[PDB]
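Some notes on the structure that comes next.
Please treat every number below as a calculation from the coordinates, not as lab data. Using ideal geometry, Cβ is built from the backbone for each residue, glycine included, and neighbour counts are taken over all protein chains shown.
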Amino acid sequence: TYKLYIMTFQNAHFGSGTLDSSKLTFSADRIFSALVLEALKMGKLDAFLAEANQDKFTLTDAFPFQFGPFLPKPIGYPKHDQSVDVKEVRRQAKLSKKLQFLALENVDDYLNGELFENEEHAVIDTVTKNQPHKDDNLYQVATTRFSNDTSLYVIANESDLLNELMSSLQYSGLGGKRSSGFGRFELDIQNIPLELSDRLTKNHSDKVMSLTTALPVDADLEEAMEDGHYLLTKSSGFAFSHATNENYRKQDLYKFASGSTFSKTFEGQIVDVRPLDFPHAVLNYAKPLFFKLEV
Amino acid sequence: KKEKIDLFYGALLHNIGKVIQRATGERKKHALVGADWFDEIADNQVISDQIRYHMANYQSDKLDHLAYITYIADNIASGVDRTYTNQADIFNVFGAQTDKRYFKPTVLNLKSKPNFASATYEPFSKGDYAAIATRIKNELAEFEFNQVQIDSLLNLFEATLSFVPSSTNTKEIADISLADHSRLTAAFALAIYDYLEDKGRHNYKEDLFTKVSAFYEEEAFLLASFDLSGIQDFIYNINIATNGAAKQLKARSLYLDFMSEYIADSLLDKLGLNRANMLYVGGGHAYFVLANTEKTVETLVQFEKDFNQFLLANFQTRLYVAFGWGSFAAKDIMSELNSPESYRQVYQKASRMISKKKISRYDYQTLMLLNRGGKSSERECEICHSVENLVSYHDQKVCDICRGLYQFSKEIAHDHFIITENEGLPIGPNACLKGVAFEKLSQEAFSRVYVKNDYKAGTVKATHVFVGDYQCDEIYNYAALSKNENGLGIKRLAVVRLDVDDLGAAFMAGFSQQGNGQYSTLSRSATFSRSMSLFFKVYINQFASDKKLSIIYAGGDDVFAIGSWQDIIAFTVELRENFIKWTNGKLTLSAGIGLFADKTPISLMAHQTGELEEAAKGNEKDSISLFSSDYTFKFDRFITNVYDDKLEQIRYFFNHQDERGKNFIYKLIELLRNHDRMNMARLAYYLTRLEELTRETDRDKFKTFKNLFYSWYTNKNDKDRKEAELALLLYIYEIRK
Amino acid sequence: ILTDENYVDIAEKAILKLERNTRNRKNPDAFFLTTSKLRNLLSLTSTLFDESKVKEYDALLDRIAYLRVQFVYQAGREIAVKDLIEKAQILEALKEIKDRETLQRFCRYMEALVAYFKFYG
Amino acid sequence: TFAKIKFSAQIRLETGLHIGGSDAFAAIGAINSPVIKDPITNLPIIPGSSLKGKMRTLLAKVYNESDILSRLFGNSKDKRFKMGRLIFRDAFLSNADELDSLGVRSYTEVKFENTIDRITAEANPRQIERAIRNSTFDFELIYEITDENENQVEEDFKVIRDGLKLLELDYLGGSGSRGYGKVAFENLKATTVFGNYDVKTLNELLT
Ligand SMILES: Nc1ncnc2c1ncn2[C@@H]1O[C@H](COP(=O)(O)OP(=O)(O)OP(=O)(O)O)[C@@H](O)[C@H]1O
Ligand SMILES: Nc1ncnc2c1ncn2[C@@H]1O[C@H](COP(=O)(O)OP(=O)(O)OP(=O)(O)O)[C@@H](O)[C@H]1O
Ligand SMILES: [Mg+2]
Ligand SMILES: [Mg+2]
Ligand SMILES: [Zn+2]
């Protein structure tokens, strides 16, 4: 709802299940799990976790910032408004099938219908590292390598405890092989454009688009399946912990995805996906910050 | 089913008197030639009396009789509304107005060459029809009409009658084979019965013979489909340090072929249908013709829910079947039935339902139970990152589905695959897939047996799938096989990934360019469905007959074939030059070949080849991408210029001399690669030094080489120069000691 | 004058524009200019085309001044070299060096003269 | 207290580098070993893992038999020391302008090189691509001060100091016994950003 937190990476590894892959953006759950792993080692987590259970604060996953904040592609929102030249309009539905990011300057034209040939953010490399003179020593690490002006901007509550944490994520880095040269960024808190904060709702019952991955509360998940158009994306992985000496596994939260269009926008959770018989909680942040489409 | 033995066989074995009247040249009306012929072969009058009156115009009132259904389903399965030519090419009406082509009518085999059409087959090859008709009479004799042998009869048509036309005295239906036309007519004729026996009618002469134009407007058919999602996430789950690399890659693309096969063959016996209704099956996509009633729609919705519970219990949203049906009347007929928005545009209506269901995947009660948790797992399956049922196959901890895929990769060489109940590698609800020998069918208990690349009848009464497969040697020997008998060859193995360009754009719209749109029917696209599957799933092993390669997968549009590099380069040159004769130059494809060293991992190997295919898709559309993204040549100047013209002339020089060795060739490559304006002068000096440095006997040979090499160096259009670089790469690779 | 995009096509034209032995029909259309008089000119420039790589321009300007000496001197001896420096505008181009990248452009211009001379007969 | 002090240095290549990576296509005449590069700028890079593993194997020969390497580089076991307190970044080749003023063609030289058989006496030519002499890369190294720490913080400083002297005595690259190394750290300063920790007395331990 409040000020967007522009973050310039220039090298980053973001997950997608494997190590050979690296997604462009990182979503709400990862950056929130970075803060809790940050506020723990400041000895400051209980001021954040008491804040982490309030209606006051929002959080949003990354989107490319190329001289202007961008947005997801609405999931199936453009309608089929032309039975002419099928030889090439199916090829048009090939390039406009891996696009997934739209600029805020023209996201209203996309709902109104416009092609929007996709621009390039961070061509993904895949460098084959090793370990010398060992048995089974060739892993392979992908890399998002950003295109000289593109940043990522979580959109969150302007909170002074939040800015103290995310000025230290500049030096611990987001994403994958941090402590190896990945994910280190430099934050730059800016302000929201006026026609973007116009539509950063959370509780506006209309044809509303999500801007983050959200697992709804069970009273809202019944009706949100009816008219929604969503992706599901399988948030999982190993739970990072200083208190195990054993790499356990999270309990596989299947969320929605950023860009899921919906009606009567629901309220989300902080899903304790801790493994069984485990000391602390694994928060796995999932509550939506929406985006009105026609309003 | 329970009575449809009378209806299905009679609507399939009708017009088989059009084979015998074609064979021996009788003057009798063709409605009776198969009628009397059935009596000395078998004895079943209820099937026979359909064939006695399937024409329904010589005697319309003789015997409530199911030949009424066979008449209307013959008109609708025909693209038109119904003198001795052969079967025309389907590509006579595809795309542009070109020359007329006609098939030579033959049977099919596992060793037969591809039977290409030509302009020289306007006459009537009558003698082969004797060889066709005796092939029918040898296997129709000892045969029973039941659901056990509901499926061996179809391959008896789809191999033998695969090139025989239908109603040759015509002007429009010149390319609809009798194997396909009998397959569509039996597909519709069951669906009228499931449309009428659900509504409650019993007489067939008032809603079929008099209300035919009403039935022409009556929506009575669904065009079902499905779409298996997450295929490449399942197939290309290989990584560097995968313990089974290429065997798992050849198994998973075969596993989902049987799964896409079993989604068809288990939906049809959940209904009352069979393999006539399946208009196509491919890489997950498959298209049906079902009945338009609530007794079948509720069966589809129930089976979609029941099958997704199977996929979810074994894959956890890696795979998802997505049905979709479009109700349509008799509008897929070329008799001006709202020609722009009627044929594809109701084939598209079922395609929009698939997109609506690929985007709203699950519902409430599943996703409440997906992330229920309560699982303190410690080790994961290190291939597919699953959790349940971990076994320890060769000291790695893999899951339950990936355990069977190593077992299915050992059972992959067999000819028969059966649907067990609880015997490993599951492909359906109470259905598991098992490789099996021939005489082991006596031992093992099954429900349906699938036979692979075969046309023999046998005793199994199996189902004939067609998976492209070849191995000339093991995969890890293809590097050391690239030598000659001399020892001259670079120890490399190449990987090609072919892809037909705009295949769905040529499948769906395809034929609308010729005429006003009077070739935009179902039977043309159903024949196009076979002819693109008959090429890539059967004929590709003939192209890889003795080549030192391994076709890992060939299906739909896509080929993926590892092998020794001299043959892989020769494979795709030989494939396309056949495939452009198969299609009269339309449906161009695109390829990408990549050399890789010995012992490199297949995931590094299969990925970079995919980088070259997607680079060759972006040349314009139609290109080969040799070895690297910057050798992206058109095929129309790679075979006729690089591989057969320029490489022949370079090889003609450097074998008729001992002087200009590899050092002369290597200094040409630097001169061909940099190419400023200054290297044109330095090349003109370099050739003219050696013109007089050579011995004076073969000075004309060098001078007819150098003035012909300098010719394609200074052309200044770049299309005659980069070819000369690629021709010299293919020559040094052939002479590498 | 010669830019980077034309100095080889200039030197291609200058060899064609140079005259030939129209008489003495024993392998005719041969030049009055000979190979060995031409390689004496490039032997001056080729030892500067490789000291342009190593050294500064600030030390080579003593021999670049000397190329105007000997391209004049070789032109004064034989009338065939006299025509070369007129057709190929060498004495014009030699007074226009001023930096490393034109010194290498002129010394590649002399190599283009030798290349097409060996090419055309 | 909580702090994240970093070690900004300018690295310097007294010989070449060769940090390889993905091998696409040899293409006859083309480079037989292309050095790793930044796929946007096409400038030679030094990845941080190539620094991070290199200065830990050197310290493994010094501080081995562990405990002081584990807290400075992490360990997959040992619940105390996952994500062990050193967060590196890749080098960025700062002087892409100072080299051009010195006069240079491209930032990556190509070294020709071969291999002579012991009996056949026949060569086997490489083309090992290098990154040229006296290029400087941006070197930064986040060491983290924490509540658990500042008991052994001084004793980690006598390791990372020693873990950069060893790169000045080893190669940091590929094919290092054949040259291609000899890297030097100059202007090695220890600034503190986001913290409160007096970095004065450390700065005389560095020089
Ligand atoms: N069984 C298979 N084996 C090998 N390749 C396949 C197979 N099935 C599909 N492909 C290839 O994968 C491509 C698309 O597969 P995908 O799984 O994305 O289908 P899809 O989910 O229907 O795609 P879309 O959602 O864009 O319609 C096709 O162009 C085809 O070449
Ligand atoms: N065996 C087949 N017969 C007909 N169509 C097919 C077959 N296999 C796949 N397709 C079609 O291919 C489409 C997916 O595009 P695909 O990349 O596979 O081929 P294409 O449409 O020719 O596009 P491209 O030129 O990119 O290959 C699907 O819409 C599907 O209908
Ligand atoms: Mg295709
Ligand atoms: Mg395709
Ligand atoms: Zn598995």
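For this structure, a couple of remarks:
- Helical contribution to [θ] at 222 nm, DSSP H n ≥ 4, -39,500 (n - 2.57), averaged over chain A, rounded to 500: -5000 deg cm²/dmol
- Gyration tensor over the Cα atoms of chain A: the corresponding equivalent ellipsoid has semi-axes (square roots of 5 times the eigenvalues, largest first) of 31, 25, 20 Å.
- Kirkwood radius and radius of gyration were both taken over the C-alpha atoms of chain C, and their ratio Rg/Rh is 0.98.
- In segment B:378-426, the GluC sites (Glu not before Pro) that fall in loop regions by DSSP, at most 12 other Cβ within 10 Å: B:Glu421
- Taking the helices alone, chain C has a mean residue ellipticity at 222 nm of -20500 deg cm²/dmol, built from -39,500 (n - 2.57) per DSSP H run of at least 4 residues and averaged over all its residues.
- For chain B, projected area of the alpha-carbon convex hull averaged over all directions, nm²: 37.1 nm²
- Taking amide H as placed 1.01 Å from N in the peptide plane, A:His229 has its amide H under 5 Å from the amide H of A:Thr261, each at least 5 places away in sequence or on another chain.
- For the segment A:30-41, counting C-beta atoms of other chains within 10 Å of every residue's C-beta and taking the mean gives 1.
- Across peptide D:83-92, the mean count of Cβ atoms from other chains lying within 10 Å of each residue's own Cβ comes to 5.
- Antiparallel DSSP beta bridges within the protein assembly as shown, percent to nearest 5: 95 percent
- Unsatisfied cross-links (Cα-Cα over 18 Å) in the set D:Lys54/D:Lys200; B:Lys270/B:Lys295; B:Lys111/B:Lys250; B:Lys113/B:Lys581; A:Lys177/D:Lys82: D:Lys54/D:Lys200; B:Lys111/B:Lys250
- Here segment D:106-179 and segment D:62-88 have alpha carbon centers that stand 21 Å from each other.
- Per-residue average of Cβ from other chains inside 10 Å of D:39-49: 4
- Mean-position separation - Cα centroids, segment B:458-472 and segment A:95-162, in angstrom: 45 Å
- Inter-probe distance in nm under a simple model that places probes 7 Å from Cα toward Cβ, at A:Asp206 and A:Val295: 0.5 nm
- For D:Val193, distant residues with modelled amide H under 5 Å away: D:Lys4, D:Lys6
- Among the chymotrypsin sites (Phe, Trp or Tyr not before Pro) found in segment B:495-591, not one is both in a DSSP coil and sparsely packed, with 12 or fewer other Cβ atoms within 10 Å of its Cβ.
- Among the listed pairs A:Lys73/B:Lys358; B:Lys126/B:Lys456; A:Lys23/A:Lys94, those beyond 18 Å (Cα-Cα): B:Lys126/B:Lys456; A:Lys23/A:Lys94
- If the convex hull is drawn through the Cα atoms of segment A:1-129, its volume per residue in Å³: 171 Å³
- Positive-end residue of B:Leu140, B:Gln365, B:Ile235, charge dipole of chain B with Cβ unit charges: B:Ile235
- Three principal axis lengths of segment B:511-646 [C-alpha, angstrom, descending]: 54, 28, 27
- Low-density loop cleavage sites - chymotrypsin sites (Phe, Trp or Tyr not before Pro) in segment A:207-295, where at most 16 other Cβ are within 10 Å (DSSP): A:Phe238, A:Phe240
- q = 0.11, 0.20 Å⁻¹: log10 I(q)/I(0) that the Debye formula gives for segment B:587-737, counting C-alpha atoms only: -0.49, -1.28
- Phi-derived couplings, Karplus 6.51 cos²θ - 1.76 cosθ + 1.60 at θ = phi - 60°, listed residue by residue for segment A:41-55: 7, 7, x, 9, 6, 6, 6, 7, 6, 5, 7, 6, 10, 10, 6 Hz, with x used for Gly and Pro.
- Compactness index (Cα Rg / 2.2 N^0.38 Å), the protein assembly as shown: 1.09
- Mean residue ellipticity (222 nm) of chain B, computed from DSSP H runs ≥ 4 via -39,500 (n - 2.57), nearest 500: -12000 deg cm²/dmol
- Karplus (6.51, -1.76, 1.60) ³J(HN,Hα), θ = phi - 60°, over segment B:694-702, in Hz, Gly and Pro reported as x: 6, 6, 6, 6, 9, 8, 5, 5, 6
- Two-decimal Rg/Rh across segment A:1-62, once Rg and the Kirkwood Rh are taken from alpha-carbon atoms: 1.01
- Under the Karplus curve 6.51 cos²θ - 1.76 cosθ + 1.60, θ = phi - 60°, whole-Hz ³J(HN,Hα) for segment D:120-137, x wherever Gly or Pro sits: 5, 6, 10, 7, 7, x, 7, 9, 7, 7, 10, 9, 5, 5, 6, 7, 10, 10
- Summarising the overall dimensions of chain D from its C-alpha atoms, the Rg and Dmax are 19.5, 67 angstrom.
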